[PDB]
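Below is one structure, written out as structure tokens, with a few remarks after it.
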Amino acid sequence: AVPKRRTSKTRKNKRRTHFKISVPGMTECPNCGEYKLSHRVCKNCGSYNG
Amino acid sequence: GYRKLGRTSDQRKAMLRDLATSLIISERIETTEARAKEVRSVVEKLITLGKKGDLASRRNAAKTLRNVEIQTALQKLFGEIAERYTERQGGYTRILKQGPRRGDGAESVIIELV
RNA sequence: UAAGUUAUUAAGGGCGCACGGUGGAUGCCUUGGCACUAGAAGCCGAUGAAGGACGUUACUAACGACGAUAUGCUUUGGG
RNA sequence: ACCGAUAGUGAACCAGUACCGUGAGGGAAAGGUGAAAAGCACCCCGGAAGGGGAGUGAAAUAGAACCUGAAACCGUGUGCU
RNA sequence: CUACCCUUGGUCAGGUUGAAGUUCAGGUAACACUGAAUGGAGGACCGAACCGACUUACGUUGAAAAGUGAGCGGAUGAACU
RNA sequence: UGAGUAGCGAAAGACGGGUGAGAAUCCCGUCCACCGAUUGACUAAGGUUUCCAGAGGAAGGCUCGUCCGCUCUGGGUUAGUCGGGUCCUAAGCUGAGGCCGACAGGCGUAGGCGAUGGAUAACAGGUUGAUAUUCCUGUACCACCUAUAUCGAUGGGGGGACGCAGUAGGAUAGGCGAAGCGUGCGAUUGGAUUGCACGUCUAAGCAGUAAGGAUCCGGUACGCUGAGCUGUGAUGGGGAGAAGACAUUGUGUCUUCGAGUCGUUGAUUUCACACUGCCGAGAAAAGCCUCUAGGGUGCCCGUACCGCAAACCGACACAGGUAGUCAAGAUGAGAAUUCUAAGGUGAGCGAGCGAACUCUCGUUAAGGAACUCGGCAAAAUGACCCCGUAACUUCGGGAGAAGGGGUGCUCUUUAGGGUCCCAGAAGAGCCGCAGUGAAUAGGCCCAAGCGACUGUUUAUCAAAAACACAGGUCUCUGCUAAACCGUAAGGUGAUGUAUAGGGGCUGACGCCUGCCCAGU
RNA sequence: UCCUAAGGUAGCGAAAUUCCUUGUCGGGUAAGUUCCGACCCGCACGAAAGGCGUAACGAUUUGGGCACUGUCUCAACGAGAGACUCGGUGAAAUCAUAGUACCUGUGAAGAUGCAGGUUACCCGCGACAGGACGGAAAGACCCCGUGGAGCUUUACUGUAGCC
RNA sequence: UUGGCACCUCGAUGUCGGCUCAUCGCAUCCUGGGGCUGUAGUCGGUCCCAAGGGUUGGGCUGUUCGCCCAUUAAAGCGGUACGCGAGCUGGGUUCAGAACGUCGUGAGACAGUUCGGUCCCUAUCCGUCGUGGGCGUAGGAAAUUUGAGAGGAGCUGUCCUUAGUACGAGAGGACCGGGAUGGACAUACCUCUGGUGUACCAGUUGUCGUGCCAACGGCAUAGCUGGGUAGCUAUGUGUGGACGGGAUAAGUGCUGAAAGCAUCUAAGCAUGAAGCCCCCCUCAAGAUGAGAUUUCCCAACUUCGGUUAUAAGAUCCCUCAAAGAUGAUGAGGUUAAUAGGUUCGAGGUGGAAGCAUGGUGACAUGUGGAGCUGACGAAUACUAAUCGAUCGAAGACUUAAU
């Protein structure tokens with residue numbers, strides 16, 4: 001079917017309330033010094049050492 | 001089945017024979033997580049055949065490998081790959097997560113022979 | 001202990017203002033059009049027309065000019 | 001006591017042209033830096049695009065997507081709720 | 001493009017049936033009747049290419065302004081190109 | 001706004017190594033997968049630079065892109081013999097004079113243009129990133145020119161010169177199995193009389209060859225042409241499974257050198273409108289022949305590339321359409337079916353999870369059409385060889401009626417056939433749930449209506465009981481026929497002549513077709 | 001006995017024709033408005049817009065059987081594509097502004113928006129389809145217009161052509 | 001229902017009937033409770049209460065209607081745009097073709113009949129079915145619960161006995177009770193009988209490959225075929241609608257007057273339905289009226305008067321399944337058994353490769369119920385759940401009481 005009626009920018013902005021992404025969930029590698037993704041290898045120069 | 005992979009039963013069995021042969025040839029390959037969790041259970045059952053070492057084991061292992069040259073992939077098994085794990089029981093591989101990849105965002109892992 | 005009253009939270013939304021983006025209205029301007037007046041003029045062609053095709057520059061894709069003497073030549077006046 | 005780029009010729013632009021049709025035939029849309037190109041030497045991030053400076057300029061939210069720059073629309077911050 | 005026509009070219013795996021006629025025999029005054037071989041007709045039979053469009057499912061901001069899948073008709077002719 | 005929503009256009013990819021600012025998506029590689037009477041090879045239209053090499057990544061590519069049919073910069077098409085012109089003419093168009101016509105102009109004679117047909121001298125191999133009977137090597141052919149009796153037409157005659165269908169034959173291409181060479185002789189139990197892969201080669205010029213046939217000129221009367229195929233050489237040439245020698249993985253590659261090619265078995269859809277048959281009675285003109293009247297030269301256009309397609313027609317890198325030539329192995333009637341060869345291809349979005357629901361596919365207890373407009377749809381039958389087979393009939397048929405049986409492999413004996421190949425009888429035995437073990441290929445019967453039959457139609461809602469039809473009947477028409485176009489010339493009818501032509505109705509075949517002429 | 005031009009014949013008949021009608025009788029069925037065979041009561045068959053019958057033929061219409069079956073009793077499971085979650089790209093029809101409940105009424109007489117009550121914390125995601133007289137298309141039906149246009153005829157007025 | 005009007009809609013409100021899926025009325029078809037009877041009994045008639053559940057399968061037709069066959073406790077009548085096409089079909093009818101009877105001179109029409117024929121949609125907002133997240137419930141948390149309210153279920157047969165008794169000349173033949181086993185319906189489950197079982201076992205056809213024989217692999221619907229584990233399932237296996245309490249309708253009454261009698265009614269006191277409220281099963285404190293119980297955590301810095309981080313606890317992240325669109329909710333994270341592998345079993349298939357022997361050969365026999373095995377039970381850290389990071393309290397004010 002077709003929308004019976006136009007959508008306000010209040011209804012639209014409400015419905016985009018939960019449309020987002022989250023922070024990548026990252027730790028700090030204790031060899032590279034830099035940041036990394038937990039349970040993944042250090043994308044910088046380094047390894048896993050798990 | 002165990003888990004489907006978007007392939008039909010025939011294309012899936014072929015892809016698993018391909019992956020296991022490549023793994024025993026190179027000994028560490030970069031693939032997708034969901035296939036690394038499936039080659040895990042197909043390569044470890046080949047090193048058990050290589051540790052038994054019968055002639056019925058060569059012939060029951062020949063029907064899951066491919067015919068590629070290096071030795072053949074069946075002679076590398078029953079030789080080096082089966083001689084180094086002669087006291088280890090189980091856990092012949094190990095998977096390492098690398099992260100998502102561009103174009104698909106598919107978690108790419110490395111799998112190797114421990 | 002008991003009974004009662006009341007408040008901060010804003011995931012997001014509403015209004016008011018401040019600062020940006022988008023888009024190209026409006027203002028002002030005009031290389032060009034419109035409608036007319038007075039005076040030339042009112043035909044070209046088998047000596048090949050109107051209209052065009054292909055070419056010409058040190059490069060040349062195009063537009064003007066030109067025609068194997070080709071991005072032009074001689075000569076008589078102006079400058 | 002005509003128009004002033006949605007007007008005036010269909011055409012102020014290299015228009016009866018992109019094009020569109022087998023054909024006869026139909027037909028747009030496109031203006032503006034600055035007084036003078038003086039049209040950003042040089043340094044920095046980037047692979048380039050694009051910036052941030054520093055210079056030209058009377059002015060650079062005048063930098064060729066160039067006068068002015070509005071409304072719908074899209075954002076960032078915040079005062080009361 | 002589509003409908004008829006003109007002229008001059010092209011294509012139609014295979015396999016099967018067995019009309020006229022002929023010829024040997026036999027039978028008659030004879031014609032001409034029965035049998036067996038040979039022959040290979042036909043808007044003939046089965047079935048691919050090829051040309052169709054009968055039933056149904058799908059699709060319906062279709063892959064597409066008429067298609068696809070599965071079956072279905074003709075397939076030497078008043079064929080198809 | 002709908003909303004980060006529908007879609008992202010039929011399909012198998014996996015890993016390794018590179019390059020790079022960045023890689024599922026680009027390059028190289030191994031494994032796997034798809035087509036293979038085609039997704040392979042060649043060409044006519046049609047596009048018209050899209051072809052190649054070096055660079056590029058703004059836009060195009062339904063994602064990405066370091067890549068491209070996209071952007072920039074330089075290149076690429078070679079002819080005496082190939083297809084067209086300098087040769088011919090169908091259908092048609094045009095037409096000096098000419099006829100007709102308000103004008104414009106319509107028609108038409110001589111003549112001319114014109115292919116889809118006729119005529120017409122060249123083949124092998126090598127070479128580049130991009131041409132290839134075109135360049136190069138070798139070996140040829142044709143027309144004209146110059147050197148060291150012939151010509152006969154603008155005219156007569158012959159030929160050119162032709163349909164459809166059926167078998168019988170000759171030969172060949174291609175196909176396959178042994179021997180002969182050239183490399184290999186091993187994985188995991190076994191063997192080594194074992195496993196692969198190659199076999200030729202053109203035109204032209206000489207031989208001989210199945211088969212088949214009374215204007216000197218033509219007509220009246222009273223050993224000849226041609227002809228597939230084979231063969232000697234051409235060819236001490238070329239090529240090639242590969243083999244031995246040289247520098248930077250000489251990856252690889254230049255370079256010289258030197259090798260086999262033999263007999264046999266089936267057999268074209270290619271090679272004769274030839275021969276036989278039939279009714280529907282199967283182009284024209286030149287080249288050519290014929291008789292008389294009389295040592296060089298060799299031009300213009302096309303040529304690249306895609307051509308069942310991402311480059312043509314569909315607005316698109318679109319499941320549609322698009323003429324022709326070629327045509328492998330196992331199996332077979334076979335250009336069917338399944339698997340493969342030569343060669344190409346992996347389809348311009350993926351990774352997960354394995355909810356409802358929609359689409360496509362497989363199975364199902366007991367029953368069985370009860371469903372429903374309606375056995376629609378699906379399932380069942382299906383191949384070959386044997387028996388067997390009804391009412392009816394226009395004597396052809398119905399009929400593959402209906403209804404039943406068999407089918408694998410091994411071993412024994414055993415008349416066939418072609419010249420290793422093809423076809424059989426019978427007996428003994430082995431196995432499983434199963435024997436056309438997969439793919440593929442009729443369900444049948446009993447009655448009624450309509451239409452006799454094959455055929456055709458509302459390009460895109462109808463394919464039929466409608467149209468057509470052979471046959472019937474009526475009627476106009478005596479030839480400048482009637483009828484029809486123009487309503488003139490000129491045409492069709494028809495180069496026909498009442499057993500012929502136009503119109504109306506009915507619609508094979510069998511039995512029949514009543515009465516009325518008021519009235520139009 | 002009345003009329004006219006003469007007043008339906010052979011064949012067929014509840015039919016592709018029969019209103020009354022599911023006519024009446026028989027067959028097939030446990031049960032048959034369809035079907036087959038009869039009758040004739042032919043509203044409103046009929047002899048070349050042929051009557052009656054016919055072997056073969058038909059992607060024709062119709063009734064009945066045998067076999068086989070998810071058609072169905074009555075659904076169940078499995079495989080793949082979409083749907084669902086994540087990364088890239090990313091439309092459309094539609095739209096007066098919207099913070100957009102139910103009942104009984106009321107009103108241009110079928111209310112999301114009015115009256116009186118009853119219910120309801122703010123924001124999302126998968127799924128269904130009752131309503132917005134849902135969306136597409138200035139109703140094809142009906143009527144109207146001194147509207148058009150196609151066809152007909154012994155409607156009017158003319159003409160090509162023929163005598 | 002057939003109509004009558006012509007009030008909304010012609011810049012469009014899809015028409016039958018059936019399927020699927022319901023909801024409501026009572027003027028009740030069955031079952032329940034009764035009054036009268038020309039009610040002997042078993043059956044009936046006719047009225048009154050009552051809507052809790054139930055209310056069949058086929059033949060003919062487009063059929064709604066209707067008739068018939070076989071049942072049934074019964075085969076109710078109506079409303080919801082004759083419910084329902086953003087759910088489906090489309091036979092009928094209202095398209096174009098073509099034929100019959102009849103009407104028209106005609107083109108053509110029906111008082112009719114016959115064969116055929118494109119049914120669109122990625123749901124905004126309300127509505128309904130599931131699921132999450134924010135905040136609130138005067139500190140922050142973990143579990144266990146009360147139940148205001150809401151939903152579900154609610155049907156009935158047939159036999160045996162009391163008893164061949166009561167009743168009736170006989171024929172026939174009970175109420176009130178007491179037991180047993182069904183039909184339809186609902187719900188849970190997979191031990192049994194069956195279904196499926198595309199990563200289990202085996203047999204077997206064509207062809208291509210691993211150089212060859214033997215042994216295997218690809219493709220042909222999973223090539224096909226005979227079975228089949230876990231999970232999901234019905235036709236299969238269990239259970240349910242029981243027993244009871246309160247107030248009543250129609251009805252039946254006890255005492256009783258108005259009205260010296262009579263009278264169920266005016267006061268008072270009883271009895272009486274499948275129906276009403278409980279009892280039975282599920283939801284439920286956003287029940288803003290936000291409830292209750294048990295347990296756990298509870299100092300440092302300020303003059304901020306407030307802040308902080310951290311505590312109890314929970315997430316990020318990762319291994320998964322009893323769960324599931326996704327999340328959520330459950331089992332776990334090294335102080336470990338959560339998954340994969342590996343060892344050992346259950347169930348499945350059916351007797352392997354290799355060798356040896358018997359045969360000319362196809363094949364058969366022996367070792368060895370062997371050997372393979374997805375999901376099921378046990379155990380073992382071998383491999384992977386590393387390191388680490390985020391969120392989360394200091395408890396307001398009145399009044400009474402102590």
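Each chain in the structure tokens gets a letter, A, B, ..., in the order shown, and its residues are numbered from 1; ligands are numbered from 1 in order too.
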
Interface residues on chain A facing chain H, 12 Å, only C-alpha atoms (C1' of nucleotides), written as a PDB file with N, CA, C and O atoms, in the first residue's frame:
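Okay, this is what ended up in part07.pdb:
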ATOM      1  N   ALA A   1       0.849  -1.209   0.000  1.00  0.00           N
ATOM      2  CA  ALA A   1       0.000   0.000   0.000  1.00  0.00           C
ATOM      3  C   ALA A   1       0.879   1.252   0.000  1.00  0.00           C
ATOM      4  O   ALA A   1       2.103   1.111   0.154  1.00  0.00           O
ATOM      5  N   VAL A   2       0.268   2.428  -0.170  1.00  0.00           N
ATOM      6  CA  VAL A   2       1.030   3.710  -0.211  1.00  0.00           C
ATOM      7  C   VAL A   2       0.793   4.449   1.103  1.00  0.00           C
ATOM      8  O   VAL A   2      -0.283   4.244   1.690  1.00  0.00           O
ATOM      9  N   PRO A   3       1.734   5.276   1.619  1.00  0.00           N
ATOM     10  CA  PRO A   3       1.487   6.098   2.803  1.00  0.00           C
ATOM     11  C   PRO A   3       0.298   7.008   2.593  1.00  0.00           C
ATOM     12  O   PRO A   3       0.198   7.711   1.588  1.00  0.00           O
ATOM     13  N   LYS A   4      -0.610   7.001   3.555  1.00  0.00           N
ATOM     14  CA  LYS A   4      -1.800   7.816   3.409  1.00  0.00           C
ATOM     15  C   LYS A   4      -1.497   9.293   3.536  1.00  0.00           C
ATOM     16  O   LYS A   4      -2.317  10.119   3.131  1.00  0.00           O
ATOM     17  N   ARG A   5      -0.332   9.643   4.068  1.00  0.00           N
ATOM     18  CA  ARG A   5      -0.115  10.991   4.560  1.00  0.00           C
ATOM     19  C   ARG A   5       1.356  11.152   4.885  1.00  0.00           C
ATOM     20  O   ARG A   5       2.028  10.179   5.220  1.00  0.00           O
ATOM     21  N   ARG A   6       1.848  12.374   4.763  1.00  0.00           N
ATOM     22  CA  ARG A   6       3.263  12.662   4.889  1.00  0.00           C
ATOM     23  C   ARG A   6       3.741  12.426   6.315  1.00  0.00           C
ATOM     24  O   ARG A   6       2.967  12.480   7.271  1.00  0.00           O
ATOM     25  N   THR A   7       5.036  12.169   6.458  1.00  0.00           N
ATOM     26  CA  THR A   7       5.633  11.944   7.769  1.00  0.00           C
ATOM     27  C   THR A   7       6.346  13.204   8.238  1.00  0.00           C
ATOM     28  O   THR A   7       7.254  13.701   7.568  1.00  0.00           O
ATOM     29  N   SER A   8       5.920  13.713   9.387  1.00  0.00           N
ATOM     30  CA  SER A   8       6.568  14.829  10.048  1.00  0.00           C
ATOM     31  C   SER A   8       8.047  14.536  10.283  1.00  0.00           C
ATOM     32  O   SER A   8       8.494  13.390  10.226  1.00  0.00           O
ATOM     33  N   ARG A  11       8.041  12.589  13.830  1.00  0.00           N
ATOM     34  CA  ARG A  11       7.853  11.147  13.777  1.00  0.00           C
ATOM     35  C   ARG A  11       9.090  10.455  13.231  1.00  0.00           C
ATOM     36  O   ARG A  11       9.515   9.418  13.750  1.00  0.00           O
ATOM     37  N   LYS A  12       9.696  11.028  12.196  1.00  0.00           N
ATOM     38  CA  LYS A  12      10.912  10.476  11.605  1.00  0.00           C
ATOM     39  C   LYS A  12      12.070  10.485  12.594  1.00  0.00           C
ATOM     40  O   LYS A  12      12.780   9.485  12.751  1.00  0.00           O
ATOM     41  N   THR A  17      15.492   6.801  16.553  1.00  0.00           N
ATOM     42  CA  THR A  17      16.086   6.910  17.881  1.00  0.00           C
ATOM     43  C   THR A  17      17.090   5.800  18.124  1.00  0.00           C
ATOM     44  O   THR A  17      18.174   6.036  18.661  1.00  0.00           O
ATOM     45  N   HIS A  18      16.733   4.577  17.757  1.00  0.00           N
ATOM     46  CA  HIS A  18      17.548   3.404  18.004  1.00  0.00           C
ATOM     47  C   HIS A  18      18.380   3.008  16.800  1.00  0.00           C
ATOM     48  O   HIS A  18      18.964   1.924  16.799  1.00  0.00           O
ATOM     49  N   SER A  22      27.536   1.227  17.765  1.00  0.00           N
ATOM     50  CA  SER A  22      28.143   1.227  19.088  1.00  0.00           C
ATOM     51  C   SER A  22      29.662   1.267  18.983  1.00  0.00           C
ATOM     52  O   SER A  22      30.247   0.983  17.935  1.00  0.00           O
ATOM     53  N   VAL A  23      30.299   1.621  20.089  1.00  0.00           N
ATOM     54  CA  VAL A  23      31.762   1.722  20.109  1.00  0.00           C
ATOM     55  C   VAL A  23      32.361   0.333  19.916  1.00  0.00           C
ATOM     56  O   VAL A  23      31.823  -0.649  20.452  1.00  0.00           O
ATOM     57  N   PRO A  24      33.462   0.199  19.177  1.00  0.00           N
ATOM     58  CA  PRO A  24      33.895  -1.122  18.698  1.00  0.00           C
ATOM     59  C   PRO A  24      34.231  -2.161  19.758  1.00  0.00           C
ATOM     60  O   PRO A  24      34.505  -3.313  19.409  1.00  0.00           O
ATOM     61  N   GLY A  25      34.218  -1.802  21.036  1.00  0.00           N
ATOM     62  CA  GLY A  25      34.522  -2.784  22.057  1.00  0.00           C
ATOM     63  C   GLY A  25      35.973  -3.208  22.024  1.00  0.00           C
ATOM     64  O   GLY A  25      36.292  -4.348  21.685  1.00  0.00           O
ATOM     65  N   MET A  26      36.858  -2.290  22.391  1.00  0.00           N
ATOM     66  CA  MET A  26      38.285  -2.439  22.185  1.00  0.00           C
ATOM     67  C   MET A  26      39.038  -2.297  23.496  1.00  0.00           C
ATOM     68  O   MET A  26      38.601  -1.599  24.413  1.00  0.00           O
ATOM     69  N   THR A  27      40.185  -2.955  23.557  1.00  0.00           N
ATOM     70  CA  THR A  27      41.098  -2.908  24.683  1.00  0.00           C
ATOM     71  C   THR A  27      42.420  -2.314  24.224  1.00  0.00           C
ATOM     72  O   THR A  27      42.569  -1.876  23.084  1.00  0.00           O
ATOM     73  N   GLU A  28      43.392  -2.316  25.124  1.00  0.00           N
ATOM     74  CA  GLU A  28      44.738  -1.852  24.833  1.00  0.00           C
ATOM     75  C   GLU A  28      45.694  -3.031  24.896  1.00  0.00           C
ATOM     76  O   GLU A  28      45.736  -3.742  25.905  1.00  0.00           O
ATOM     77  N   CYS A  29      46.456  -3.239  23.831  1.00  0.00           N
ATOM     78  CA  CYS A  29      47.320  -4.409  23.757  1.00  0.00           C
ATOM     79  C   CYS A  29      48.539  -4.215  24.646  1.00  0.00           C
ATOM     80  O   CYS A  29      49.217  -3.193  24.536  1.00  0.00           O
ATOM     81  N   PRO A  30      48.841  -5.147  25.548  1.00  0.00           N
ATOM     82  CA  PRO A  30      50.038  -4.973  26.375  1.00  0.00           C
ATOM     83  C   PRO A  30      51.315  -5.518  25.748  1.00  0.00           C
ATOM     84  O   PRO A  30      52.162  -6.082  26.445  1.00  0.00           O
ATOM     85  N   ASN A  31      51.469  -5.361  24.463  1.00  0.00           N
ATOM     86  CA  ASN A  31      52.766  -5.366  23.802  1.00  0.00           C
ATOM     87  C   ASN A  31      52.899  -4.221  22.818  1.00  0.00           C
ATOM     88  O   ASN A  31      53.911  -3.520  22.822  1.00  0.00           O
ATOM     89  N   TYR A  35      45.782   0.375  20.555  1.00  0.00           N
ATOM     90  CA  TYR A  35      44.472  -0.206  20.786  1.00  0.00           C
ATOM     91  C   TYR A  35      44.235  -1.396  19.868  1.00  0.00           C
ATOM     92  O   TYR A  35      44.842  -1.517  18.803  1.00  0.00           O
ATOM     93  N   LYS A  36      43.342  -2.281  20.294  1.00  0.00           N
ATOM     94  CA  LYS A  36      43.037  -3.486  19.542  1.00  0.00           C
ATOM     95  C   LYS A  36      41.645  -3.959  19.918  1.00  0.00           C
ATOM     96  O   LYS A  36      41.029  -3.452  20.854  1.00  0.00           O
ATOM     97  N   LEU A  37      41.138  -4.929  19.170  1.00  0.00           N
ATOM     98  CA  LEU A  37      39.831  -5.513  19.430  1.00  0.00           C
ATOM     99  C   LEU A  37      40.007  -6.747  20.298  1.00  0.00           C
ATOM    100  O   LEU A  37      40.825  -7.612  19.984  1.00  0.00           O
ATOM    101  N   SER A  38      39.239  -6.833  21.376  1.00  0.00           N
ATOM    102  CA  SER A  38      39.426  -7.918  22.325  1.00  0.00           C
ATOM    103  C   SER A  38      39.115  -9.253  21.672  1.00  0.00           C
ATOM    104  O   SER A  38      38.120  -9.396  20.963  1.00  0.00           O
ATOM    105  N   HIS A  39      39.992 -10.225  21.906  1.00  0.00           N
ATOM    106  CA  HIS A  39      39.952 -11.579  21.362  1.00  0.00           C
ATOM    107  C   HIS A  39      40.443 -11.661  19.928  1.00  0.00           C
ATOM    108  O   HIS A  39      40.500 -12.757  19.373  1.00  0.00           O
ATOM    109  N   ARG A  40      40.828 -10.542  19.325  1.00  0.00           N
ATOM    110  CA  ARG A  40      41.500 -10.508  18.036  1.00  0.00           C
ATOM    111  C   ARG A  40      42.979 -10.213  18.237  1.00  0.00           C
ATOM    112  O   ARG A  40      43.412  -9.820  19.322  1.00  0.00           O
ATOM    113  N   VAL A  41      43.757 -10.396  17.170  1.00  0.00           N
ATOM    114  CA  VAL A  41      45.190 -10.134  17.230  1.00  0.00           C
ATOM    115  C   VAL A  41      45.453  -8.637  17.108  1.00  0.00           C
ATOM    116  O   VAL A  41      44.617  -7.869  16.631  1.00  0.00           O
ATOM    117  N   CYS A  42      46.645  -8.219  17.536  1.00  0.00           N
ATOM    118  CA  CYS A  42      47.038  -6.817  17.434  1.00  0.00           C
ATOM    119  C   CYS A  42      47.309  -6.470  15.979  1.00  0.00           C
ATOM    120  O   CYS A  42      48.297  -6.927  15.400  1.00  0.00           O
ATOM    121  N   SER A  47      51.256  -9.515  18.181  1.00  0.00           N
ATOM    122  CA  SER A  47      50.659 -10.837  18.195  1.00  0.00           C
ATOM    123  C   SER A  47      49.540 -10.901  19.216  1.00  0.00           C
ATOM    124  O   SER A  47      49.039  -9.870  19.669  1.00  0.00           O
ATOM    125  N   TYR A  48      49.140 -12.115  19.574  1.00  0.00           N
ATOM    126  CA  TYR A  48      48.018 -12.358  20.466  1.00  0.00           C
ATOM    127  C   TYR A  48      48.436 -12.706  21.885  1.00  0.00           C
ATOM    128  O   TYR A  48      47.914 -12.122  22.834  1.00  0.00           O
ATOM    129  N   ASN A  49      49.369 -13.644  22.061  1.00  0.00           N
ATOM    130  CA  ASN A  49      49.900 -14.006  23.378  1.00  0.00           C
ATOM    131  C   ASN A  49      48.820 -14.500  24.334  1.00  0.00           C
ATOM    132  O   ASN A  49      48.994 -14.454  25.552  1.00  0.00           O
ATOM    133  N   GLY A  50      47.704 -14.978  23.807  1.00  0.00           N
ATOM    134  CA  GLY A  50      46.631 -15.464  24.648  1.00  0.00           C
ATOM    135  C   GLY A  50      47.026 -16.729  25.374  1.00  0.00           C
ATOM    136  O   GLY A  50      48.053 -17.329  25.060  1.00  0.00           O
TER     137      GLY A  50
END

DSSP-assigned strand (DSSP E) members of region 1-112 of chain B, reported as an mmCIF file with C-alpha atoms, in the first residue's frame:
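Contents of selection_17.cif, as written:
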data_model
loop_
_atom_site.group_PDB
_atom_site.id
_atom_site.type_symbol
_atom_site.label_atom_id
_atom_site.label_comp_id
_atom_site.auth_asym_id
_atom_site.auth_seq_id
_atom_site.Cartn_x
_atom_site.Cartn_y
_atom_site.Cartn_z
ATOM 1 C CA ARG B 28 48.346 -21.957 7.800
ATOM 2 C CA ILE B 29 45.577 -20.396 5.741
ATOM 3 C CA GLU B 30 43.464 -17.253 5.999
ATOM 4 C CA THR B 31 39.740 -17.885 5.543
ATOM 5 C CA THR B 32 36.361 -16.950 7.042
ATOM 6 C CA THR B 93 44.704 -27.036 14.844
ATOM 7 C CA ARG B 94 44.254 -23.563 16.262
ATOM 8 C CA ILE B 95 42.167 -20.654 14.965
ATOM 9 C CA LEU B 96 43.068 -16.988 15.473
ATOM 10 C CA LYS B 97 40.700 -14.096 14.849
ATOM 11 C CA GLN B 98 42.043 -11.236 12.731
ATOM 12 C CA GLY B 99 39.068 -8.913 12.437
ATOM 13 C CA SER B 108 38.556 -13.322 8.721
ATOM 14 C CA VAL B 109 40.511 -15.851 10.762
ATOM 15 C CA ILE B 110 43.801 -17.684 10.353
ATOM 16 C CA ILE B 111 43.837 -21.429 10.975
ATOM 17 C CA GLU B 112 47.028 -23.443 11.370
#

* If we count only C-alpha atoms (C1' of nucleotides), which residues of chain C reach to within 10 Å of chain A? Please list them as a list in words. ->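 Contact residues on the first chain: residues 11, 12, 13 and 14 of chain C.
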
* To do: Rounded to one decimal place, report the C1' of residue 208 (chain F)-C1' of residue 233 (chain F) distance in Å.
  =>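 A separation of 16.4 Å between them.
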
Hey, could you make a per-residue contact list for chain G against chain B with 12 Å as the cut-off, showing the nearest pair of atoms and its distance in Å to one decimal, counting only C-alpha atoms (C1' of nucleotides), sorted by chain and number, as JSON lines?
{"residue": "G:78", "atom": "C1'", "partner": "B:1", "partner_atom": "CA", "distance": 11.6}
{"residue": "G:79", "atom": "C1'", "partner": "B:8", "partner_atom": "CA", "distance": 8.3}
{"residue": "G:80", "atom": "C1'", "partner": "B:8", "partner_atom": "CA", "distance": 7.4}
{"residue": "G:81", "atom": "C1'", "partner": "B:6", "partner_atom": "CA", "distance": 11.0}
{"residue": "G:86", "atom": "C1'", "partner": "B:105", "partner_atom": "CA", "distance": 7.3}
{"residue": "G:87", "atom": "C1'", "partner": "B:105", "partner_atom": "CA", "distance": 4.5}
{"residue": "G:88", "atom": "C1'", "partner": "B:103", "partner_atom": "CA", "distance": 6.3}
{"residue": "G:89", "atom": "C1'", "partner": "B:103", "partner_atom": "CA", "distance": 11.6}

* To do: Can you pull out every residue within 9 Å of residue 8 (chain D), counting only C-alpha atoms (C1' of nucleotides), but drop anything in the same chain fewer than 4 positions away, and send it as an NGL selection string?
  => (:C and (32-34)) or (:D and (3-4))

* **Sel. of helix (DSSP H, G or I) residues, chain B, as JSON, numbers by chain** => {"B": [9, 10, 11, 12, 13, 14, 15, 16, 17, 18, 19, 20, 21, 22, 23, 24, 25, 26, 33, 34, 35, 36, 37, 38, 39, 40, 41, 42, 43, 44, 45, 46, 47, 48, 49, 50, 51, 52, 55, 56, 57, 58, 59, 60, 61, 73, 74, 75, 76, 80, 81, 82, 83, 84]}

* Asked: Within 9 Å of region 89-93 of chain H, counting only C-alpha atoms (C1' of nucleotides), which residues qualify if same-chain residues fewer than 3 places away don't, as an NGL selection string?
  -> (:F and (373)) or (:H and (15-19 or 62-63 or 85 or 119))
